[PDB]
Amino acid sequence: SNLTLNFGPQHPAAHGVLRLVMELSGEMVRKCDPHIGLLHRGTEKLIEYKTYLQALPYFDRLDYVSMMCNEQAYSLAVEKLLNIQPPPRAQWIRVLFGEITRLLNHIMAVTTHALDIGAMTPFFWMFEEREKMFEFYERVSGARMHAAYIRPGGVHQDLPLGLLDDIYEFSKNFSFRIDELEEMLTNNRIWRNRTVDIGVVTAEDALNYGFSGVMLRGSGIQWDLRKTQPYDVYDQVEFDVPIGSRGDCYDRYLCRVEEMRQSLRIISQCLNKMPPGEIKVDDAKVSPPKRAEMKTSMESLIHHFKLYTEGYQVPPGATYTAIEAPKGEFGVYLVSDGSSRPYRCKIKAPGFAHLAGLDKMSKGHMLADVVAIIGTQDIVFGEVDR
Amino acid sequence: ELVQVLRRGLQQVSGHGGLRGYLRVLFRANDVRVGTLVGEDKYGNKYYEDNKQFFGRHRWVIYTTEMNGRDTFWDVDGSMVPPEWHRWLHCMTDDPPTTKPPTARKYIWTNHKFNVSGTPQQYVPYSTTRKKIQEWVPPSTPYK
Amino acid sequence: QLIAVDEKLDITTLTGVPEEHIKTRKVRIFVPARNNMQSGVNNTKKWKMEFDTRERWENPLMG
Amino acid sequence: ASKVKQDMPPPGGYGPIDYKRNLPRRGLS
Amino acid sequence: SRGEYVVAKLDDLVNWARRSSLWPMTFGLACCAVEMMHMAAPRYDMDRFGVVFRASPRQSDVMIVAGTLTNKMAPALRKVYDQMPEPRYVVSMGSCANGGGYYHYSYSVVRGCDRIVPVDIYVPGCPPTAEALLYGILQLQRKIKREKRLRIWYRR
Amino acid sequence: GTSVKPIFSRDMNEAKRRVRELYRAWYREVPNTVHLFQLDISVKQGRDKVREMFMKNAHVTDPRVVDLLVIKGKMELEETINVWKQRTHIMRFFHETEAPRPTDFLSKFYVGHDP
Amino acid sequence: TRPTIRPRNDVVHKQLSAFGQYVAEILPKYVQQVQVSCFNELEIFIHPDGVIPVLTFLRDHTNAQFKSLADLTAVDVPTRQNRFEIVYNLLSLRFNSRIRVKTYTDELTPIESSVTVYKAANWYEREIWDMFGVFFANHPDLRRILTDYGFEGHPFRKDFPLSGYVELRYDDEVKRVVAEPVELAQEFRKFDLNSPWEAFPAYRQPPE
Amino acid sequence: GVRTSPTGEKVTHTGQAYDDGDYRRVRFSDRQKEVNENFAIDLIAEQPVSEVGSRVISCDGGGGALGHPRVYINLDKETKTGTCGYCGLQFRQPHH
Amino acid sequence: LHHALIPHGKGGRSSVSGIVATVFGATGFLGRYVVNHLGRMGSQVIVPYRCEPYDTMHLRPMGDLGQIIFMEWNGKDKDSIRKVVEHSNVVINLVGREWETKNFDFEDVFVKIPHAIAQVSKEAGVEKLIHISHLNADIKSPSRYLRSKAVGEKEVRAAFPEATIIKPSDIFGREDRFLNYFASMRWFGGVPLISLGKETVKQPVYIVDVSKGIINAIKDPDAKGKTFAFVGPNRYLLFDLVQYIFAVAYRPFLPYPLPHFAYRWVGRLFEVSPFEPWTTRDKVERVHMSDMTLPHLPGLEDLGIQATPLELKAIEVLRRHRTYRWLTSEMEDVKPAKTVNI
Amino acid sequence: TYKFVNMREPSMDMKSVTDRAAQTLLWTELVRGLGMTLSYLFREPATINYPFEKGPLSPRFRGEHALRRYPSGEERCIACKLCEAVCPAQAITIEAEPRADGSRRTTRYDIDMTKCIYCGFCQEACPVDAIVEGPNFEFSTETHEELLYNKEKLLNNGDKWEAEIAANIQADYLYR
Ligand SMILES: CCCCCCCCCCCCCCCCC[C@@H](O)O[C@H](CO[C@H](O)CCCCCCCCCCCCCCC)COP(=O)(O)OCC[N+](C)(C)C
Ligand SMILES: NC(=O)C1=CN([C@@H]2O[C@H](COP(=O)(O)OP(=O)(O)OC[C@H]3O[C@@H](n4cnc5c(N)ncnc54)[C@H](OP(=O)(O)O)[C@@H]3O)[C@@H](O)[C@H]2O)C=CC1
Ligand SMILES: C=C(C)[C@H]1Cc2c(ccc3c2O[C@@H]2COc4cc(OC)c(OC)cc4[C@@H]2C3=O)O1
Ligand code: SF4
Ligand code: SF4
Ligand code: SF4
Ligand SMILES: [Zn+2]
């Protein structure tokens, strides 16, 4: 008989409320059975009882490490259904904060992966940088993480009068912190022993199982949604896409580090190219007017009242909108029946498919290797369970 | 050199008003730094800055030992800071309330209260509306 | 392959609704009346199904 | 008649930001 | 009385030791856990207050419920609470744990973790900042300082 | 006619056969469940509860509905055997903390407005 | 029409229309309808019996090559005799395109499991079964994935109530977590927001 | 404008005080009852009526964009004063 | 009924039952079950406590928001009792200590405190009072515990003529001393029994039965001035009862007779512990005293309760007392004990 | 446009082989990692002396809610119920009636702080700046009931925090 073991939910390596039922012969893993749903909150039904603006803060709490990226995907879906266009300055702000968010997510992923493996130190070095980016979030929206800044019309508020300078000051020091992380990990023989040839997935298998993002790029597949299906102003920035060679945990780690560097590159470009103008679509039947207009003009007051009580109506139709979120392809299948409430909202999270493939990726490995594989899949269970 | 660092330490103990004041600040805040007194509180808190410290350690408060009624020699918390010094201390503004006083209103509290949870002054929720259905009152006289 | 089932459709045992909320309930099927405060008729186009009103009481705390 | 004031990059541009990996050799033979 | 003075001093000593060494269980449910991480991060450094994470419920004094508690998860939370040796404390952190929050009207969410376990400190926010959680922790220490187990034993 | 596609059974006889097989499996499982979960019920109580749950759906006359009911019962059996379920889940069948709700007219009239 | 209105792309619209015609001509046995949405999103309505052929053709054909399944979900429309609408989203990396395939079913009719065509579907079909109660034939390991152990009913169905039928609490007499009929301290307050004036003339329905 | 009930409980601006036979008062024993002491109806009743030499006046609550939406008040009735429906300030024309 | 105290809802957690109860002694064995049953229906429960508030934590999840109010009280203070019974229509008394402390003898907890509660709650206008005494309460009993119980019963009846007095006999449950005391004896080696427990008859009652009986007596309009006796459905000789207890726990049963004076000396030796004693002289007297038979008093079946046999609930108390070898044994494996019924 | 992260081949000359043998036998990269940690040991820690030292915040910071007044002392809230309609958590409960002087004012204004997600949508929706999220974040309670705010509690919060709330609004209202 194989030993049957509960891995989580109350486990440090679990990375959330995961009940990994594991069959083991000695420490060899014979079978992985991920039991999820310990963080299923019934988000999609709730979204059905809300208006389109009331449903936005749910996308903050889907993947709690990539908040604005989740907001951007939902906003793109709703804007596509509304047949409107965000203004250019809003799109530049969106891309800038999406890259800052990608930095946040990649720091969290790499350091928690190292912490599982046993290298506890880089976490503390990188979480101070995460703290400074949380400060950027807070200055723009008043919240450290669940900002709700990106709205289906653009962004809620314009940047405060000295934010770009501080973002520049942060961005010109971050590369040295990445360098210190790489000094700790990249050439360590212990880290390579714990990561090289662990959780190897082929290109064909990665495509069929539904993988996306780094889980594809580590296996040599050349696919990045920002390059192939660009959104906002991603076609106007220059960056390279890291590609792996072996499909293992080590290659995925290198891809994420290089991705962090390329995000610094994109941020530098966005800082030097931010244009002037308004921040939300100049269409008061979709985006609320300014407060001075709301307090002086009859139409502005009527539209403020109606947008905050009933909300805008969205013409009937269904869309599937996908973005390159820091964890992979993040999608929304949004169905509108013509009213101000969404009829259906299905959320596609890359972690769902990655966790469904965890059992495949752990064949012939031990317990510690399974811990490394869970770390390398970059799983947050808010997006998996919803 | 090392000797100048030691001299900085001795002028730090000398700069807190003697050895006993040095020990008081060390056991009261686990910090012995010397900064410029930005101002004082009507409740006794003192506010200092030192712009040569990195962001976060450049402003601080030495709390009062005696708030509204309780002894706060050891028991201090962040809720004892009044709102104007709260705005300065959390770096929401650069201007202290001494040089930029807040606007005066006659309904603003003249006496700040701290977090009164777990205390006979705690808030207890209740319904603020009046009774909805009134019942019939039978007459006080016999009917036969 | 088809098996020619002869009976009326009945899915109560699969829905998971407690039997109390299956037998003692009455639904109303109706086209809602136009709100007399307005002239628009767009809310009088589709049929509605809604359940019977049950007891509502006052919370001892907060009311 | 006040002019539009808005958070923008300074005239010309921001100073260049390093992003490439910097791992020195740092050893004997 | 000498005996009352002795029990008061022993009471103070035990309360001081208990509040100065508060070990929370390494346990996080959702978004709030991230802010919990930021409380252990260098800027706030909970370790400097004597507050260290430990995975095992047998070596833990405090449980921080940091995230939504669903119905599927409630038996496991109750179980790891029951496996804490006493004295033990529970800090409810965030809207979800406090009362359900954004998912209060869900078929799969427990409307507040105090239905499952007794709670000592309720930390508001969604999420509460790391500073707010630190304030709640320091509040729990003050609460523990107010304990008088030995005095009550002596008077009974 | 009525042009329906089956799930597993073509008539009620095959559906009844599957029901009997699932009943046999639950009957065999009950003592192991009582041992593993450390339940304070007897094996007789558990088998009585299994019979009561089976008889709750005795009025079904559609082979497809019966096939779905057997699929759900097999899902529950698989869940119980593998210990995915906890003692609270098993004990949820017995409603031990639910006060008995009366069924006669007078008691209902006394307690409240619901029929 | 310039600054605030989303721009059009007629080239992609034409390409998707031609490819939809291509797919319909190749598989007349199953394809019932083909649509190209205004924002260039190809949709192909089919018969349920053709779930496995269509997808197989779409993932294998040299001119198709949709080797990746973005996601698979269902929509509940109670007014339809076939309640449930099964939606497959596919991505082609070779041709950098996306396609949506839709079919229908009701409560008692199984759909063929497409795990053989796409390995990714496993958990998607389990999720559809759990949330909507749609059975998938020949599925490797079909069981609940999202809901609690022993949970009765399917939450995503329109008829199911938002807060469900039971709640949980810890009971000290039995010393365990118990499930009881839901009671709410404050009832969810239903809002009626729909405006009595029509918003979109282009979607007006005939007056019957 | 605070005032106590015959039970010694403060009466709020709303006017709600628990009745003598109401058990819910037990929630305040060993604790206190939260009552805000600045009654708005009394404070707005102290403001002097503004005299303006026009039939129609405008009010925005002061502060421009920091007040309320701007409204126009007719001042033709001389038996009363024009009252803002947002701020409660009163206006009149010079009379008698 | 004072409109705010009209029952509403379906009798669940968020309902209004119309009951406002002050439960003295709610931090004990019976008090937790009573508070649980009251808070299940949506009752307002006022818990007077003198212990450390930590020790009340387990009672917090028993009610909805605001439905359980904790207040400090002192048994020797009547202003405090007034403070905690001012707004209640029900007062339940569960105050009692098995052993005598330095500050409270048996007469303080069983006469003075119950009488003060009855007097103050009658003065305050409390509608209902429920008092708990023992089945074996007697003016001339060898145990001072039962003498004080009988005196306090008379005092309560004098101070509150419409009080319901409930007389249970040896409540058994998860936190019950009676079931535990026998289990505790195994560590020593042998079970010491006076006369080998062949001259004692016991009729133990389940804890949930007693809590349900109290709750039903609150809701019963004709149970006002009545006196109830809460006893189980079966009578056992003490020897057979302890033998069954040891068989359910799967521990080797080694009974031996011990003379009365030796057992009293042992109880006196155990009495000097400053903490909770393992046993006392009073406990020794009460253990080897046969349960009274009072057929003239209404029972649990007059309150609608069907008494639970010990054979059905013994395992839930005694499985904790087993070793790992016998930890998974089923309930119906132990061959119920011999009953001496009539 | 892509780059490779692990497609580099190692040199096979005798010098490179000897350098790699020295790396294997004498553990050079491990000493590099030790040097990095030793370097961090001598830096100044990023820790702040809480509660004496606080984390930086912004005028846009969302915290505890408060109900404000006009400078006359009259409440700003007119019971339009837009905050109650917009609230995604349904955390706001409002009841209103004409005041004794005919004013449109609330008789019940509750916020359930354990339902609230602290999104700030209500202060955006308020047309008279009546409901705000003030700067406070240190209001942890010991019981759940203390976090169920009524109108008295929110008016008290406004009175207690008005000096800072007005200064925060003055610094941010031109971005709104
Ligand atoms: C043989 C001996 C065996 C036992 C040995 C035990 C170890 C030796 C005793 C060590 C005592 C150290 C604890 C006392 C330290 C007090 C520190 C002081 O700050 O505590 C204050 C309160 O002090 C306590 O109330 C009393 C402490 C001492 C209690 C009595 C000690 C008597 C010792 C008797 C020993 C008898 C042993 C018998 C068995 C051997 C409040 O501080 P606090 O608010 O937290 O600070 C928060 C952080 N701030 C300040 C920056 C905000
Ligand atoms: N076998 C049984 O258990 C049956 C019990 N009896 C009677 O039934 C009642 C409840 O029994 P049970 O729950 O088992 O007893 P417990 O010992 O478990 O609890 C007694 C309660 O009374 C309180 N109390 C005791 N002494 C005092 C005091 N001097 N001042 C204030 N409060 C005090 C306790 O508070 P604290 O914890 O703070 O000390 C405690 O809450 C008691 O009156 C008992 O005598 C009836 C027949 C037998
Ligand atoms: C131990 C230190 C220094 C930090 C790291 C840490 C905590 C506290 C809790 C946890 C944790 O890391 C583990 C592993 O990675 C995640 C990731 C999570 O989501 C990103 C997540 O949410 C529940 C939870 C976890 C674990 C978790 O519970 O303090
Ligand atoms: S309270 Fe907010 S941040 Fe915390 S877990 Fe819930 S949704 Fe996430
Ligand atoms: S902050 Fe958001 S959740 Fe909280 S009361 Fe305002 S609108 Fe509701
Ligand atoms: S707070 Fe503002 S939005 Fe809410 S009811 Fe009052 S005036 Fe309307
Ligand atoms: Zn005005």
# chains A, B, ... in the order shown; residues from 1 in each chain; ligands from 1
$ residues_near_ligand --ligand "ligand 1" --cutoff "6 Å" --atoms "only C-alpha atoms and all ligand atoms" --output "PyMOL selection string"
(chain B and resi 28-30+74-76) or (chain E and resi 9+12-13+16)
$ residues_around --residues "residue 96 of chain B" --least-positions-apart "4" --cutoff "12 Å" --atoms "only C-alpha atoms" --output "NGL selection string"
(:B and (37-41 or 47-49 or 59 or 83-92 or 100-102)) or (:J and (164))
$ select_by_dssp --residues "chain C" --states "strand (DSSP E)" --output "list in words"
residues 27, 28, 29, 30, 48, 49, 50 and 51 of chain C
$ atom_distance --atom1 "atom CA of residue 18 of chain J" --atom2 "atom CA of residue 38 of chain J"
27.7 Å
$ closest_atom_pairs --of "chain E" --to "chain J" --cutoff "8 Å" --atoms "only C-alpha atoms" --output "CSV"
residue,atom,partner,partner_atom,distance
E:42,CA,J:47,CA,5.4
E:43,CA,J:47,CA,4.1
E:44,CA,J:47,CA,5.6
E:45,CA,J:47,CA,6.4
E:94,CA,J:114,CA,7.7
E:95,CA,J:114,CA,4.7
E:96,CA,J:114,CA,7.3
E:98,CA,J:114,CA,5.4
E:99,CA,J:114,CA,4.8
E:100,CA,J:115,CA,6.3
E:101,CA,J:115,CA,3.8
E:102,CA,J:89,CA,5.2
E:103,CA,J:89,CA,7.8
E:104,CA,J:115,CA,6.8
E:119,CA,J:143,CA,7.8
E:120,CA,J:142,CA,5.7
E:121,CA,J:142,CA,4.7
E:122,CA,J:141,CA,5.4
E:123,CA,J:140,CA,4.8
E:124,CA,J:140,CA,6.2
E:125,CA,J:118,CA,6.6
E:126,CA,J:117,CA,5.1
E:127,CA,J:117,CA,7.9
E:128,CA,J:137,CA,7.9
E:129,CA,J:137,CA,7.9
E:131,CA,J:55,CA,7.5
E:132,CA,J:138,CA,5.6
E:135,CA,J:138,CA,6.4
E:136,CA,J:140,CA,5.8
E:139,CA,J:140,CA,8.0
$ write_last_selection --atoms "N, CA and C atoms" --output "compact mmCIF listing (two decimals), in the first residue's frame"
# COMPACT_ATOMS: atom_id res chain seq x y z
N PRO E 42 11.18 43.44 6.26
CA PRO E 42 12.09 44.25 7.10
C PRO E 42 11.51 45.56 7.61
N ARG E 43 10.63 46.22 6.85
CA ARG E 43 10.16 47.54 7.27
C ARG E 43 9.48 47.48 8.63
N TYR E 44 8.66 46.47 8.87
CA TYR E 44 7.98 46.34 10.15
C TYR E 44 8.62 45.33 11.08
N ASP E 45 9.08 44.19 10.56
CA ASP E 45 9.93 43.26 11.29
C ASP E 45 9.28 42.81 12.60
N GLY E 94 -9.12 41.27 8.60
CA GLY E 94 -9.74 41.51 7.32
C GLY E 94 -11.25 41.36 7.36
N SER E 95 -11.91 41.96 6.37
CA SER E 95 -13.37 41.93 6.32
C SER E 95 -13.90 40.52 6.18
N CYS E 96 -13.25 39.70 5.35
CA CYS E 96 -13.72 38.33 5.13
C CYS E 96 -13.76 37.55 6.43
N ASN E 98 -13.64 38.80 9.49
CA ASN E 98 -14.44 39.48 10.50
C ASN E 98 -15.93 39.18 10.33
N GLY E 99 -16.46 39.34 9.12
CA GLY E 99 -17.88 39.14 8.92
C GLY E 99 -18.29 38.60 7.57
N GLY E 100 -17.34 38.19 6.75
CA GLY E 100 -17.66 37.72 5.42
C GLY E 100 -17.25 38.71 4.34
N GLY E 101 -17.43 40.00 4.60
CA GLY E 101 -16.89 41.02 3.72
C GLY E 101 -17.58 41.05 2.37
N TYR E 102 -16.77 41.04 1.31
CA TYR E 102 -17.26 41.10 -0.06
C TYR E 102 -18.06 39.87 -0.44
N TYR E 103 -17.88 38.77 0.29
CA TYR E 103 -18.56 37.51 0.03
C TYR E 103 -19.51 37.13 1.16
N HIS E 104 -20.06 38.12 1.86
CA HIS E 104 -20.97 37.84 2.96
C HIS E 104 -22.22 37.11 2.48
N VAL E 119 -12.86 34.71 19.05
CA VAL E 119 -11.93 35.71 18.53
C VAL E 119 -11.61 36.71 19.63
N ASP E 120 -10.34 37.09 19.72
CA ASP E 120 -9.87 38.08 20.67
C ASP E 120 -9.79 39.48 20.08
N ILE E 121 -9.23 39.63 18.89
CA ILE E 121 -8.99 40.92 18.27
C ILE E 121 -9.54 40.89 16.85
N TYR E 122 -10.33 41.90 16.50
CA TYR E 122 -10.85 42.07 15.15
C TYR E 122 -10.11 43.22 14.48
N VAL E 123 -9.41 42.91 13.39
CA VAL E 123 -8.61 43.90 12.67
C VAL E 123 -9.38 44.28 11.41
N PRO E 124 -9.91 45.49 11.30
CA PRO E 124 -10.68 45.88 10.12
C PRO E 124 -9.79 46.27 8.95
N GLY E 125 -10.39 46.19 7.76
CA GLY E 125 -9.71 46.49 6.51
C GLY E 125 -9.96 45.42 5.47
N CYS E 126 -9.63 45.76 4.23
CA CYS E 126 -9.71 44.81 3.12
C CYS E 126 -8.65 45.14 2.07
N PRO E 127 -7.39 44.76 2.33
CA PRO E 127 -6.89 44.19 3.58
C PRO E 127 -6.52 45.29 4.56
N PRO E 128 -6.44 44.96 5.84
CA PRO E 128 -5.76 45.87 6.77
C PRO E 128 -4.31 46.02 6.35
N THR E 129 -3.76 47.21 6.52
CA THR E 129 -2.35 47.40 6.23
C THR E 129 -1.51 46.61 7.23
N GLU E 131 0.71 47.84 9.07
CA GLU E 131 0.70 48.65 10.28
C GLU E 131 -0.56 48.43 11.11
N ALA E 132 -1.72 48.27 10.47
CA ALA E 132 -2.95 48.02 11.21
C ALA E 132 -2.92 46.65 11.89
N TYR E 135 -0.75 47.02 14.87
CA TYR E 135 -1.52 47.66 15.93
C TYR E 135 -2.42 46.65 16.64
N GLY E 136 -3.07 45.77 15.87
CA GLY E 136 -3.88 44.73 16.49
C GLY E 136 -3.07 43.75 17.32
N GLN E 139 -2.19 45.28 20.43
CA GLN E 139 -3.41 45.40 21.21
C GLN E 139 -3.67 44.09 21.95
$ closest_residue --among "E:31, E:7, E:133, E:74" --to "chain G" --atoms "only C-alpha atoms"
E:74
$ interface_residues --of "chain H" --to "chain C" --cutoff "12 Å" --atoms "only C-alpha atoms" --output "PyMOL selection string"
chain H and resi 22-27
$ select_by_dssp --residues "chain J" --states "helix (DSSP H, G or I)" --output "count of residues only"
65
$ residues_near_ligand --ligand "ligand 7" --cutoff "8 Å" --atoms "only C-alpha atoms and all ligand atoms" --output "list in words"
residues 59, 60, 61, 62, 67, 68, 70, 71, 83, 84, 85, 86, 87, 88 and 89 of chain H
$ residues_around --residues "residue 119 of chain I" --least-positions-apart "4" --cutoff "10 Å" --atoms "only C-alpha atoms" --output "short mmCIF file (atom, residue, chain, number, x, y, z; two decimals) with N, CA, C and O atoms, in the first residue's frame"
data_model
loop_
_atom_site.label_atom_id
_atom_site.label_comp_id
_atom_site.auth_asym_id
_atom_site.auth_seq_id
_atom_site.Cartn_x
_atom_site.Cartn_y
_atom_site.Cartn_z
N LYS I 78 -25.06 41.92 46.32
CA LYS I 78 -26.43 41.93 45.82
C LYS I 78 -26.69 43.05 44.82
O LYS I 78 -27.58 42.91 43.97
N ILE I 81 -25.86 41.42 41.59
CA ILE I 81 -26.94 40.55 41.12
C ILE I 81 -28.07 41.38 40.53
O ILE I 81 -28.63 41.04 39.48
N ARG I 82 -28.42 42.48 41.21
CA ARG I 82 -29.39 43.42 40.66
C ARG I 82 -28.95 43.91 39.28
O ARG I 82 -29.76 43.98 38.35
N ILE I 113 -25.96 32.19 48.28
CA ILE I 113 -25.97 32.67 46.90
C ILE I 113 -27.31 32.38 46.23
O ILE I 113 -27.88 33.29 45.60
N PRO I 114 -27.85 31.16 46.29
CA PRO I 114 -29.18 30.94 45.70
C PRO I 114 -30.27 31.80 46.31
O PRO I 114 -31.14 32.30 45.60
N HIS I 115 -30.23 32.00 47.63
CA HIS I 115 -31.24 32.83 48.27
C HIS I 115 -31.11 34.28 47.85
O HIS I 115 -32.12 34.96 47.61
N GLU I 123 -37.31 40.77 43.53
CA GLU I 123 -37.43 42.22 43.68
C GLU I 123 -37.42 42.92 42.33
O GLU I 123 -38.16 43.89 42.11
N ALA I 124 -36.59 42.45 41.40
CA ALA I 124 -36.42 43.08 40.10
C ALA I 124 -37.57 42.83 39.15
O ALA I 124 -37.61 43.44 38.07
N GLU I 155 -34.98 27.65 50.98
CA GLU I 155 -34.79 29.10 50.98
C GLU I 155 -35.26 29.72 49.67
O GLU I 155 -35.90 30.78 49.66
N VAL I 156 -34.94 29.09 48.54
CA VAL I 156 -35.35 29.60 47.24
C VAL I 156 -36.86 29.57 47.13
O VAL I 156 -37.49 30.54 46.66
N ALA I 158 -38.96 29.83 49.50
CA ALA I 158 -39.47 30.91 50.33
C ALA I 158 -39.27 32.28 49.69
O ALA I 158 -40.12 33.17 49.85
N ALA I 159 -38.16 32.49 48.99
CA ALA I 159 -37.87 33.79 48.40
C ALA I 159 -38.48 33.99 47.02
O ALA I 159 -38.61 35.14 46.58
N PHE I 160 -38.84 32.92 46.34
CA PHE I 160 -39.44 32.98 45.01
C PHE I 160 -40.45 31.84 44.92
O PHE I 160 -40.12 30.73 44.49
#
$ residues_near_ligand --ligand "ligand 3" --cutoff "6 Å" --atoms "only C-alpha atoms and all ligand atoms" --output "PyMOL selection string"
(chain A and resi 12-13+15-16+112+380) or (chain E and resi 26-30+33+37+40)
$ residues_near_ligand --ligand "ligand 6" --cutoff "10 Å" --atoms "only C-alpha atoms and all ligand atoms" --output "count of residues only"
41
$ interface_residues --of "chain E" --to "chain G" --cutoff "7 Å" --atoms "only C-alpha atoms" --output "ChimeraX atom specification"
/E:71-72,75,105-107,110,115-116
$ decode --residues "segment 84-96 of chain B" --atoms "N, CA and C atoms" --output "PDB file, in the first residue's frame"
ATOM      1  N   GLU B  84      -4.066  66.308  13.781  1.00  0.00           N
ATOM      2  CA  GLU B  84      -3.146  67.207  13.082  1.00  0.00           C
ATOM      3  C   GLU B  84      -1.723  66.653  13.083  1.00  0.00           C
ATOM      4  N   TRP B  85      -1.251  66.228  14.251  1.00  0.00           N
ATOM      5  CA  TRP B  85       0.028  65.546  14.318  1.00  0.00           C
ATOM      6  C   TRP B  85      -0.025  64.185  13.647  1.00  0.00           C
ATOM      7  N   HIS B  86      -1.212  63.581  13.535  1.00  0.00           N
ATOM      8  CA  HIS B  86      -1.352  62.364  12.740  1.00  0.00           C
ATOM      9  C   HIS B  86      -1.056  62.643  11.274  1.00  0.00           C
ATOM     10  N   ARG B  87      -1.559  63.763  10.757  1.00  0.00           N
ATOM     11  CA  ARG B  87      -1.285  64.123   9.371  1.00  0.00           C
ATOM     12  C   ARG B  87       0.193  64.398   9.160  1.00  0.00           C
ATOM     13  N   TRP B  88       0.829  65.103  10.096  1.00  0.00           N
ATOM     14  CA  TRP B  88       2.259  65.354   9.925  1.00  0.00           C
ATOM     15  C   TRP B  88       3.082  64.073  10.059  1.00  0.00           C
ATOM     16  N   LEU B  89       2.746  63.222  11.029  1.00  0.00           N
ATOM     17  CA  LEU B  89       3.594  62.089  11.378  1.00  0.00           C
ATOM     18  C   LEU B  89       3.609  61.024  10.289  1.00  0.00           C
ATOM     19  N   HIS B  90       2.475  60.780   9.643  1.00  0.00           N
ATOM     20  CA  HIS B  90       2.393  59.809   8.564  1.00  0.00           C
ATOM     21  C   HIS B  90       2.790  60.397   7.218  1.00  0.00           C
ATOM     22  N   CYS B  91       3.422  61.570   7.217  1.00  0.00           N
ATOM     23  CA  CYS B  91       3.994  62.186   6.021  1.00  0.00           C
ATOM     24  C   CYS B  91       2.949  62.432   4.939  1.00  0.00           C
ATOM     25  N   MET B  92       1.708  62.702   5.348  1.00  0.00           N
ATOM     26  CA  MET B  92       0.693  63.166   4.413  1.00  0.00           C
ATOM     27  C   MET B  92       0.960  64.592   3.963  1.00  0.00           C
ATOM     28  N   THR B  93       1.699  65.357   4.757  1.00  0.00           N
ATOM     29  CA  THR B  93       2.065  66.724   4.440  1.00  0.00           C
ATOM     30  C   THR B  93       3.464  66.969   4.979  1.00  0.00           C
ATOM     31  N   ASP B  94       4.085  68.048   4.510  1.00  0.00           N
ATOM     32  CA  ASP B  94       5.378  68.468   5.029  1.00  0.00           C
ATOM     33  C   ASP B  94       5.267  69.516   6.126  1.00  0.00           C
ATOM     34  N   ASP B  95       4.115  70.166   6.262  1.00  0.00           N
ATOM     35  CA  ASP B  95       3.966  71.294   7.166  1.00  0.00           C
ATOM     36  C   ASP B  95       3.441  70.825   8.509  1.00  0.00           C
ATOM     37  N   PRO B  96       4.149  71.079   9.603  1.00  0.00           N
ATOM     38  CA  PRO B  96       3.640  70.708  10.923  1.00  0.00           C
ATOM     39  C   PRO B  96       2.438  71.553  11.291  1.00  0.00           C
TER      40      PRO B  96
END
